[PDB]
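Dumped my_file36.pdb below, it's PDB, C-alpha atoms:
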ATOM      1  CA  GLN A  46      -3.318   0.858  25.787  1.00  0.00           C
ATOM      2  CA  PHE A  47      -5.243  -0.907  23.015  1.00  0.00           C
ATOM      3  CA  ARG A  48      -8.611   0.675  22.221  1.00  0.00           C
ATOM      4  CA  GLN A  49      -6.501   3.740  22.986  1.00  0.00           C
ATOM      5  CA  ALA A  50      -4.001   2.805  20.266  1.00  0.00           C
ATOM      6  CA  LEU A  51      -6.831   1.820  17.914  1.00  0.00           C
ATOM      7  CA  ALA A  52      -8.434   5.221  18.458  1.00  0.00           C
ATOM      8  CA  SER A  53      -5.116   7.032  18.089  1.00  0.00           C
ATOM      9  CA  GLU A  54      -4.386   5.204  14.825  1.00  0.00           C
ATOM     10  CA  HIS A  55      -7.850   5.655  13.320  1.00  0.00           C
ATOM     11  CA  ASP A  56      -6.792   7.830  10.363  1.00  0.00           C
ATOM     12  CA  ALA A  57      -3.717   5.752   9.527  1.00  0.00           C
ATOM     13  CA  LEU A  58      -5.886   2.624   9.619  1.00  0.00           C
ATOM     14  CA  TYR A  59      -8.912   3.752   7.607  1.00  0.00           C
ATOM     15  CA  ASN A  60      -8.184   7.054   5.852  1.00  0.00           C
ATOM     16  CA  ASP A  61      -4.895   6.528   4.019  1.00  0.00           C
ATOM     17  CA  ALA A  62      -5.638   7.065   0.326  1.00  0.00           C
ATOM     18  CA  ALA A  63      -2.469   5.146  -0.571  1.00  0.00           C
ATOM     19  CA  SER A  64      -3.728   1.942   1.076  1.00  0.00           C
ATOM     20  CA  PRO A  65      -5.530  -0.388  -1.359  1.00  0.00           C
ATOM     21  CA  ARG A  66      -9.215  -1.134  -0.738  1.00  0.00           C
ATOM     22  CA  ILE A  67     -11.229  -4.178  -1.735  1.00  0.00           C
ATOM     23  CA  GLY A  68     -15.003  -3.745  -1.741  1.00  0.00           C
ATOM     24  CA  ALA A  69     -17.567  -0.967  -1.442  1.00  0.00           C
ATOM     25  CA  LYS A  70     -16.552   2.586  -0.557  1.00  0.00           C
ATOM     26  CA  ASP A  71     -19.736   2.814   1.539  1.00  0.00           C
ATOM     27  CA  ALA A  72     -19.116  -0.272   3.677  1.00  0.00           C
ATOM     28  CA  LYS A  73     -20.432  -0.243   7.240  1.00  0.00           C
ATOM     29  CA  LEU A  74     -17.565  -2.476   8.357  1.00  0.00           C
ATOM     30  CA  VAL A  75     -14.007  -2.117   7.051  1.00  0.00           C
ATOM     31  CA  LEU A  76     -11.494  -4.850   7.818  1.00  0.00           C
ATOM     32  CA  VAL A  77      -7.820  -3.830   7.866  1.00  0.00           C
ATOM     33  CA  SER A  78      -5.645  -6.668   6.628  1.00  0.00           C
ATOM     34  CA  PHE A  79      -1.984  -6.561   7.586  1.00  0.00           C
ATOM     35  CA  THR A  80      -0.547  -9.064   5.158  1.00  0.00           C
ATOM     36  CA  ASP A  81       2.645 -10.426   3.591  1.00  0.00           C
ATOM     37  CA  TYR A  82       2.915 -11.790   0.053  1.00  0.00           C
ATOM     38  CA  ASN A  83       5.325 -14.536   1.169  1.00  0.00           C
ATOM     39  CA  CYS A  84       3.434 -15.649   4.285  1.00  0.00           C
ATOM     40  CA  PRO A  85       1.725 -19.026   3.719  1.00  0.00           C
ATOM     41  CA  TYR A  86      -1.066 -18.257   6.220  1.00  0.00           C
ATOM     42  CA  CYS A  87      -1.715 -14.968   4.414  1.00  0.00           C
ATOM     43  CA  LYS A  88      -2.016 -16.968   1.200  1.00  0.00           C
ATOM     44  CA  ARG A  89      -4.606 -19.170   2.906  1.00  0.00           C
ATOM     45  CA  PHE A  90      -6.426 -16.305   4.601  1.00  0.00           C
ATOM     46  CA  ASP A  91      -6.568 -13.601   1.920  1.00  0.00           C
ATOM     47  CA  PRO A  92      -9.097 -15.261  -0.400  1.00  0.00           C
ATOM     48  CA  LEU A  93     -11.440 -15.588   2.592  1.00  0.00           C
ATOM     49  CA  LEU A  94     -11.143 -11.857   3.270  1.00  0.00           C
ATOM     50  CA  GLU A  95     -11.969 -11.181  -0.380  1.00  0.00           C
ATOM     51  CA  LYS A  96     -14.841 -13.679  -0.402  1.00  0.00           C
ATOM     52  CA  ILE A  97     -16.356 -11.776   2.552  1.00  0.00           C
ATOM     53  CA  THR A  98     -16.487  -8.574   0.488  1.00  0.00           C
ATOM     54  CA  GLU A  99     -18.063 -10.421  -2.442  1.00  0.00           C
ATOM     55  CA  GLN A 100     -20.643 -12.278  -0.353  1.00  0.00           C
ATOM     56  CA  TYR A 101     -21.414  -9.381   2.011  1.00  0.00           C
ATOM     57  CA  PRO A 102     -21.463  -5.997   0.216  1.00  0.00           C
ATOM     58  CA  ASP A 103     -21.603  -4.089   3.533  1.00  0.00           C
ATOM     59  CA  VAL A 104     -18.021  -5.207   4.266  1.00  0.00           C
ATOM     60  CA  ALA A 105     -14.813  -3.837   2.716  1.00  0.00           C
ATOM     61  CA  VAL A 106     -11.123  -4.695   3.234  1.00  0.00           C
ATOM     62  CA  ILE A 107      -8.096  -2.409   3.394  1.00  0.00           C
ATOM     63  CA  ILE A 108      -4.761  -3.974   2.500  1.00  0.00           C
ATOM     64  CA  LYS A 109      -1.656  -3.054   4.528  1.00  0.00           C
ATOM     65  CA  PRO A 110       1.338  -4.891   3.052  1.00  0.00           C
ATOM     66  CA  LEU A 111       4.188  -5.640   5.475  1.00  0.00           C
ATOM     67  CA  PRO A 112       7.696  -6.932   4.635  1.00  0.00           C
ATOM     68  CA  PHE A 113       8.329  -9.357   7.530  1.00  0.00           C
ATOM     69  CA  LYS A 114       8.907 -12.657   5.740  1.00  0.00           C
ATOM     70  CA  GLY A 115      11.801 -11.600   3.512  1.00  0.00           C
ATOM     71  CA  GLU A 116      13.300  -8.923   1.275  1.00  0.00           C
ATOM     72  CA  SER A 117      11.067  -9.797  -1.696  1.00  0.00           C
ATOM     73  CA  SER A 118       8.110  -9.117   0.610  1.00  0.00           C
ATOM     74  CA  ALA A 119       9.127  -5.459   0.545  1.00  0.00           C
ATOM     75  CA  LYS A 120       9.472  -5.494  -3.234  1.00  0.00           C
ATOM     76  CA  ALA A 121       6.053  -7.078  -3.753  1.00  0.00           C
ATOM     77  CA  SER A 122       4.556  -4.462  -1.427  1.00  0.00           C
ATOM     78  CA  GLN A 123       6.242  -1.768  -3.492  1.00  0.00           C
ATOM     79  CA  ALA A 124       4.704  -3.216  -6.658  1.00  0.00           C
ATOM     80  CA  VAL A 125       1.055  -3.374  -5.536  1.00  0.00           C
ATOM     81  CA  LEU A 126       1.205   0.017  -3.800  1.00  0.00           C
ATOM     82  CA  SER A 127       2.626   1.627  -6.950  1.00  0.00           C
ATOM     83  CA  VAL A 128      -0.147   0.014  -9.013  1.00  0.00           C
ATOM     84  CA  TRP A 129      -2.830   1.203  -6.593  1.00  0.00           C
ATOM     85  CA  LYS A 130      -1.551   4.769  -6.737  1.00  0.00           C
ATOM     86  CA  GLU A 131      -1.512   4.874 -10.545  1.00  0.00           C
ATOM     87  CA  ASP A 132      -4.348   2.516 -11.509  1.00  0.00           C
ATOM     88  CA  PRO A 133      -6.440   1.461  -8.478  1.00  0.00           C
ATOM     89  CA  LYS A 134      -8.741  -0.691 -10.620  1.00  0.00           C
ATOM     90  CA  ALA A 135      -5.743  -2.777 -11.731  1.00  0.00           C
ATOM     91  CA  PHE A 136      -4.563  -3.562  -8.191  1.00  0.00           C
ATOM     92  CA  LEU A 137      -6.836  -6.506  -7.384  1.00  0.00           C
ATOM     93  CA  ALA A 138      -5.658  -8.834 -10.161  1.00  0.00           C
ATOM     94  CA  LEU A 139      -2.001  -8.278  -9.279  1.00  0.00           C
ATOM     95  CA  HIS A 140      -2.716  -8.674  -5.566  1.00  0.00           C
ATOM     96  CA  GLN A 141      -4.445 -12.003  -6.221  1.00  0.00           C
ATOM     97  CA  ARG A 142      -1.676 -13.275  -8.513  1.00  0.00           C
ATOM     98  CA  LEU A 143       1.112 -12.491  -6.034  1.00  0.00           C
ATOM     99  CA  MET A 144      -0.874 -14.009  -3.163  1.00  0.00           C
ATOM    100  CA  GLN A 145      -1.478 -17.322  -4.928  1.00  0.00           C
ATOM    101  CA  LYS A 146       2.131 -17.817  -6.044  1.00  0.00           C
ATOM    102  CA  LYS A 147       3.280 -20.990  -4.288  1.00  0.00           C
ATOM    103  CA  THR A 148       6.977 -20.117  -4.229  1.00  0.00           C
ATOM    104  CA  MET A 149       8.840 -17.476  -2.244  1.00  0.00           C
ATOM    105  CA  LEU A 150       8.826 -14.405  -4.481  1.00  0.00           C
ATOM    106  CA  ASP A 151      11.826 -12.824  -6.157  1.00  0.00           C
ATOM    107  CA  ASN A 152      12.268  -9.979  -8.643  1.00  0.00           C
ATOM    108  CA  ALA A 153      11.654 -12.321 -11.583  1.00  0.00           C
ATOM    109  CA  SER A 154       8.429 -13.719 -10.110  1.00  0.00           C
ATOM    110  CA  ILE A 155       7.168 -10.213  -9.335  1.00  0.00           C
ATOM    111  CA  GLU A 156       8.005  -8.850 -12.795  1.00  0.00           C
ATOM    112  CA  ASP A 157       6.275 -11.867 -14.348  1.00  0.00           C
ATOM    113  CA  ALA A 158       3.144 -11.369 -12.241  1.00  0.00           C
ATOM    114  CA  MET A 159       2.990  -7.741 -13.368  1.00  0.00           C
ATOM    115  CA  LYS A 160       3.415  -8.763 -17.011  1.00  0.00           C
ATOM    116  CA  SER A 161       0.521 -11.243 -16.951  1.00  0.00           C
ATOM    117  CA  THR A 162      -1.762  -8.774 -15.128  1.00  0.00           C
ATOM    118  CA  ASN A 163      -1.051  -5.934 -17.592  1.00  0.00           C
ATOM    119  CA  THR A 164       0.624  -3.832 -14.876  1.00  0.00           C
ATOM    120  CA  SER A 165       4.246  -4.151 -16.046  1.00  0.00           C
ATOM    121  CA  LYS A 166       4.252  -0.656 -17.597  1.00  0.00           C
ATOM    122  CA  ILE A 167       3.599   0.751 -14.117  1.00  0.00           C
ATOM    123  CA  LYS A 168       6.863   1.838 -12.509  1.00  0.00           C
ATOM    124  CA  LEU A 169       7.805   0.992  -8.930  1.00  0.00           C
ATOM    125  CA  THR A 170       8.096   4.357  -7.194  1.00  0.00           C
ATOM    126  CA  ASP A 171      10.135   5.629  -4.260  1.00  0.00           C
ATOM    127  CA  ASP A 172       7.000   7.299  -2.908  1.00  0.00           C
ATOM    128  CA  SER A 173       5.328   3.911  -2.417  1.00  0.00           C
ATOM    129  CA  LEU A 174       8.072   2.955   0.048  1.00  0.00           C
ATOM    130  CA  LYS A 175       6.845   5.793   2.262  1.00  0.00           C
ATOM    131  CA  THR A 176       3.494   3.997   2.442  1.00  0.00           C
ATOM    132  CA  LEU A 177       5.389   0.847   3.404  1.00  0.00           C
ATOM    133  CA  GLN A 178       7.143   2.857   6.134  1.00  0.00           C
ATOM    134  CA  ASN A 179       3.735   4.031   7.358  1.00  0.00           C
ATOM    135  CA  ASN A 180       2.471   0.442   7.456  1.00  0.00           C
ATOM    136  CA  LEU A 181       5.508  -0.600   9.520  1.00  0.00           C
ATOM    137  CA  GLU A 182       5.081   2.274  11.965  1.00  0.00           C
ATOM    138  CA  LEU A 183       1.399   1.394  12.187  1.00  0.00           C
ATOM    139  CA  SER A 184       2.193  -2.272  12.852  1.00  0.00           C
ATOM    140  CA  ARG A 185       4.452  -1.254  15.753  1.00  0.00           C
ATOM    141  CA  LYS A 186       1.877   1.020  17.408  1.00  0.00           C
ATOM    142  CA  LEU A 187      -0.746  -1.737  17.309  1.00  0.00           C
ATOM    143  CA  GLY A 188       1.629  -4.408  18.605  1.00  0.00           C
ATOM    144  CA  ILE A 189       1.491  -6.479  15.417  1.00  0.00           C
ATOM    145  CA  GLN A 190       4.450  -8.867  15.341  1.00  0.00           C
ATOM    146  CA  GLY A 191       3.145 -11.361  12.792  1.00  0.00           C
ATOM    147  CA  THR A 192       1.020 -11.765   9.676  1.00  0.00           C
ATOM    148  CA  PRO A 193      -1.784 -12.189   8.972  1.00  0.00           C
ATOM    149  CA  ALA A 194      -3.344  -9.717  11.382  1.00  0.00           C
ATOM    150  CA  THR A 195      -6.772  -8.229  10.804  1.00  0.00           C
ATOM    151  CA  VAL A 196      -8.390  -5.251  12.489  1.00  0.00           C
ATOM    152  CA  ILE A 197     -12.117  -5.903  12.738  1.00  0.00           C
ATOM    153  CA  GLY A 198     -13.947  -3.224  14.704  1.00  0.00           C
ATOM    154  CA  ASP A 199     -12.492  -2.699  18.180  1.00  0.00           C
ATOM    155  CA  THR A 200     -10.518  -5.972  18.136  1.00  0.00           C
ATOM    156  CA  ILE A 201      -7.476  -7.423  16.355  1.00  0.00           C
ATOM    157  CA  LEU A 202      -7.558 -10.949  14.901  1.00  0.00           C
ATOM    158  CA  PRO A 203      -3.927 -12.111  15.230  1.00  0.00           C
ATOM    159  CA  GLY A 204      -3.979 -15.210  13.001  1.00  0.00           C
ATOM    160  CA  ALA A 205      -5.942 -17.130  10.381  1.00  0.00           C
ATOM    161  CA  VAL A 206      -9.409 -18.624  10.855  1.00  0.00           C
ATOM    162  CA  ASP A 207     -11.724 -20.603   8.585  1.00  0.00           C
ATOM    163  CA  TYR A 208     -14.531 -18.894   6.691  1.00  0.00           C
ATOM    164  CA  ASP A 209     -17.370 -19.926   9.012  1.00  0.00           C
ATOM    165  CA  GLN A 210     -15.620 -18.292  11.964  1.00  0.00           C
ATOM    166  CA  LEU A 211     -14.682 -15.165   9.978  1.00  0.00           C
ATOM    167  CA  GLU A 212     -18.354 -14.860   8.995  1.00  0.00           C
ATOM    168  CA  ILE A 213     -19.360 -15.102  12.649  1.00  0.00           C
ATOM    169  CA  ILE A 214     -16.828 -12.453  13.728  1.00  0.00           C
ATOM    170  CA  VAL A 215     -17.725 -10.104  10.889  1.00  0.00           C
ATOM    171  CA  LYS A 216     -21.459 -10.498  11.504  1.00  0.00           C
ATOM    172  CA  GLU A 217     -21.415  -9.443  15.184  1.00  0.00           C
ATOM    173  CA  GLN A 218     -19.129  -6.471  14.508  1.00  0.00           C
ATOM    174  CA  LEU A 219     -21.815  -5.418  12.047  1.00  0.00           C
ATOM    175  CA  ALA A 220     -24.405  -5.912  14.804  1.00  0.00           C
ATOM    176  CA  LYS A 221     -22.894  -2.851  16.517  1.00  0.00           C
TER
END
Could you show the structure in this file as structure tokens?
Amino acid sequence: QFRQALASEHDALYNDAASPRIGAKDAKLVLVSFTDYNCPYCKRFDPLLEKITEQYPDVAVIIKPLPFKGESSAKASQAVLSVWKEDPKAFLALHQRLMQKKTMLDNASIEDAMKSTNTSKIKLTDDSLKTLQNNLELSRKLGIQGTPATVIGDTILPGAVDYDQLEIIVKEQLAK
């Protein structure tokens, strides 16, 4: 009930237009990053996921924000998803800024991040919460109970690893 769930959730994982993507549209390997903007391990792990896409252009990353850590997690998710829907090219800078914030986010922090990334004119939509609902449903089906969690091929990486190990994992999934 795993490679079965992974197969059953293929479209939700890889083919949701409302889910932000980092890296090439023609990638041979797409990582799916279930992440939380208030999770300290996500803050550690995210820049490694991004580095992968910059170092290895055959790898892309899909971002699935989850709101597990706190209420502002849901609000931050709402912000980046709204930005992706309206201006996909503006998403990355906001995503990075929210991820590197040392403090637990709140509405002020999130509004400030959007101001300094030139995304503050983009309105937080109700429709983007439906994407957040989809991410939550998806997390349940796959048995994801914590962040970060990364789908890489036919396996799920349920925590954070260092870059050397991520390279290793990513390289053999490419070897198939």
Worksheet item: Could you pull the residues within 10 Å of residue 200 in chain A, counting all atoms listed in the file, minus those fewer than 5 positions along the same chain, as number ranges by chain?
Response: A: 47-48, 51, 195, 218
Discussion item. Evaluate the PyMOL selection byres ((chain A and resi 64) around 7) against this structure - the residues, as a ChimeraX atom specification, please.
Written reply: /A:61-63,65-66,107-109
Near residue 105 in chain A, within 9 Å and counting only C-alpha atoms, which residues show up once chain neighbours fewer than 5 positions away are dropped, as a short mmCIF file (atom, residue, chain, number, x, y, z; two decimals) with C-alpha atoms, in the coordinates of the input?
data_model
loop_
_atom_site.label_atom_id
_atom_site.label_comp_id
_atom_site.auth_asym_id
_atom_site.auth_seq_id
_atom_site.Cartn_x
_atom_site.Cartn_y
_atom_site.Cartn_z
CA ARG A 66 -9.22 -1.13 -0.74
CA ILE A 67 -11.23 -4.18 -1.74
CA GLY A 68 -15.00 -3.74 -1.74
CA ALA A 69 -17.57 -0.97 -1.44
CA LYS A 70 -16.55 2.59 -0.56
CA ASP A 71 -19.74 2.81 1.54
CA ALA A 72 -19.12 -0.27 3.68
CA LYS A 73 -20.43 -0.24 7.24
CA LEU A 74 -17.57 -2.48 8.36
CA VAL A 75 -14.01 -2.12 7.05
CA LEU A 76 -11.49 -4.85 7.82
CA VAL A 77 -7.82 -3.83 7.87
CA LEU A 94 -11.14 -11.86 3.27
CA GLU A 95 -11.97 -11.18 -0.38
CA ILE A 97 -16.36 -11.78 2.55
CA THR A 98 -16.49 -8.57 0.49
CA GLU A 99 -18.06 -10.42 -2.44
#
Response to the item:
Min atom-atom distance to residue 178 in chain A from the set A:137, A:111, A:106, A:50, counting all atoms listed in the file, belongs to A:111
Name the residues in contact with range 54-56 of chain A at a cut-off of 9 Å, using all atoms listed in the file, excluding same-chain residues fewer than 6 positions from it; report them as a short mmCIF file (atom, residue, chain, number, x, y, z; two decimals) with C-alpha atoms, in the frame of the given file.
data_model
loop_
_atom_site.label_atom_id
_atom_site.label_comp_id
_atom_site.auth_asym_id
_atom_site.auth_seq_id
_atom_site.Cartn_x
_atom_site.Cartn_y
_atom_site.Cartn_z
CA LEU A 183 1.40 1.39 12.19
CA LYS A 186 1.88 1.02 17.41
CA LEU A 187 -0.75 -1.74 17.31
#
Worksheet item: How far is it from CA of residue 157 in chain A to CA of residue 121 in chain A, in Å with one decimal?
Response: 11.6 Å
Worksheet item: Residues at most 10 Å from residue 177 in chain A, counting all atoms listed in the file, excluding those fewer than 2 positions away in the same chain, as an NGL selection string?
Response: :A and (63-64 or 109-112 or 119 or 122-123 or 126 or 172-175 or 179-183)
Write a file of the selected residues as a PDB file, in the coordinates of the input, keeping C-alpha atoms.
ATOM      1  CA  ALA A  63      -2.469   5.146  -0.571  1.00  0.00           C
ATOM      2  CA  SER A  64      -3.728   1.942   1.076  1.00  0.00           C
ATOM      3  CA  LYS A 109      -1.656  -3.054   4.528  1.00  0.00           C
ATOM      4  CA  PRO A 110       1.338  -4.891   3.052  1.00  0.00           C
ATOM      5  CA  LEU A 111       4.188  -5.640   5.475  1.00  0.00           C
ATOM      6  CA  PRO A 112       7.696  -6.932   4.635  1.00  0.00           C
ATOM      7  CA  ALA A 119       9.127  -5.459   0.545  1.00  0.00           C
ATOM      8  CA  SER A 122       4.556  -4.462  -1.427  1.00  0.00           C
ATOM      9  CA  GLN A 123       6.242  -1.768  -3.492  1.00  0.00           C
ATOM     10  CA  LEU A 126       1.205   0.017  -3.800  1.00  0.00           C
ATOM     11  CA  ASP A 172       7.000   7.299  -2.908  1.00  0.00           C
ATOM     12  CA  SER A 173       5.328   3.911  -2.417  1.00  0.00           C
ATOM     13  CA  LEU A 174       8.072   2.955   0.048  1.00  0.00           C
ATOM     14  CA  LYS A 175       6.845   5.793   2.262  1.00  0.00           C
ATOM     15  CA  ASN A 179       3.735   4.031   7.358  1.00  0.00           C
ATOM     16  CA  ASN A 180       2.471   0.442   7.456  1.00  0.00           C
ATOM     17  CA  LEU A 181       5.508  -0.600   9.520  1.00  0.00           C
ATOM     18  CA  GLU A 182       5.081   2.274  11.965  1.00  0.00           C
ATOM     19  CA  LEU A 183       1.399   1.394  12.187  1.00  0.00           C
TER      20      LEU A 183
END
Worksheet item: Can you tell me, as number ranges by chain, what residues are no more than 12 Å from residue 213 in chain A when counting all atoms listed in the file, ignoring any on the same chain fewer than 6 positions away?
Response: A: 97, 197, 206-207, 219-220
Include C-alpha atoms and write out the residues we just selected as an mmCIF file, in the coordinates of the input.
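Listing of again-v8.cif after writing:
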data_model
loop_
_atom_site.group_PDB
_atom_site.id
_atom_site.type_symbol
_atom_site.label_atom_id
_atom_site.label_comp_id
_atom_site.auth_asym_id
_atom_site.auth_seq_id
_atom_site.Cartn_x
_atom_site.Cartn_y
_atom_site.Cartn_z
ATOM 1 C CA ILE A 97 -16.356 -11.776 2.552
ATOM 2 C CA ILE A 197 -12.117 -5.903 12.738
ATOM 3 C CA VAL A 206 -9.409 -18.624 10.855
ATOM 4 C CA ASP A 207 -11.724 -20.603 8.585
ATOM 5 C CA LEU A 219 -21.815 -5.418 12.047
ATOM 6 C CA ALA A 220 -24.405 -5.912 14.804
#
Worksheet entry | Expected selection from the PyMOL selection byres ((chain A and resi 87) around 12), given as a VMD selection string | chain A and resid 78 to 86 88 to 95 108 to 111 113 to 114 140 to 141 143 to 147 191 to 195 203 to 206
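With all atoms listed in the file as the atoms that count, the residue of A:210, A:138, A:124, A:201 with the shortest distance to residue 168 in chain A is A:124.
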Worksheet item: A:118, A:46, A:60, A:184: which is nearest residue 154 in chain A, counting only C-alpha atoms?
Response: A:118
Fill in: Counting only C-alpha atoms, the option among A:167, A:52, A:202, A:189 closest to residue 139 in chain A
A:167
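Pairwise distance (CA of residue 162 in chain A, CA of residue 130 in chain A) equals 15.9 Å.
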Work out where the centre of an axis-aligned box around every listed atom of range 85-91 of chain A lies and how long its edges are once 8 Å is added on each side; give both in Å to one decimal as lines of an AutoDock Vina configuration file.
center_x = -2.4
center_y = -16.4
center_z = 3.7
size_x = 24.3
size_y = 21.6
size_z = 21.0
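Distance check against residue 160 in chain A using only C-alpha atoms: of A:115, A:216, A:100, A:142, the minimum falls on A:142.
The two atoms in question, CA of residue 150 in chain A and CA of residue 185 in chain A, are spaced 24.5 Å apart.
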How about completing range 161-172 of chain A with N, CA and C atoms and giving it to me as a CSV table (one decimal), in the frame of the given file?
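Full text of part07.csv as output:
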chain,number,residue,atom,x,y,z
A,161,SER,N,1.7,-10.5,-16.6
A,161,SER,CA,0.5,-11.2,-17.0
A,161,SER,C,-0.8,-10.6,-16.4
A,162,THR,N,-0.6,-9.5,-15.6
A,162,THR,CA,-1.8,-8.8,-15.1
A,162,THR,C,-1.9,-7.4,-15.8
A,163,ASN,N,-1.1,-7.2,-16.9
A,163,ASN,CA,-1.1,-5.9,-17.6
A,163,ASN,C,-0.7,-4.7,-16.7
A,164,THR,N,0.2,-4.9,-15.8
A,164,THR,CA,0.6,-3.8,-14.9
A,164,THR,C,2.1,-3.5,-15.0
A,165,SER,N,2.8,-4.2,-15.9
A,165,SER,CA,4.2,-4.2,-16.0
A,165,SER,C,4.7,-2.8,-16.5
A,166,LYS,N,3.9,-2.0,-17.1
A,166,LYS,CA,4.3,-0.7,-17.6
A,166,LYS,C,4.2,0.3,-16.4
A,167,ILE,N,3.7,-0.1,-15.3
A,167,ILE,CA,3.6,0.8,-14.1
A,167,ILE,C,4.9,0.7,-13.3
A,168,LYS,N,5.5,1.8,-13.1
A,168,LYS,CA,6.9,1.8,-12.5
A,168,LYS,C,6.8,1.8,-11.0
A,169,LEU,N,7.7,1.0,-10.4
A,169,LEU,CA,7.8,1.0,-8.9
A,169,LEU,C,8.4,2.3,-8.4
A,170,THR,N,7.7,3.0,-7.6
A,170,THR,CA,8.1,4.4,-7.2
A,170,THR,C,8.8,4.4,-5.8
A,171,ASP,N,9.5,5.4,-5.6
A,171,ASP,CA,10.1,5.6,-4.3
A,171,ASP,C,9.1,6.0,-3.3
A,172,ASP,N,8.1,6.8,-3.7
A,172,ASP,CA,7.0,7.3,-2.9
A,172,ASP,C,6.2,6.2,-2.3
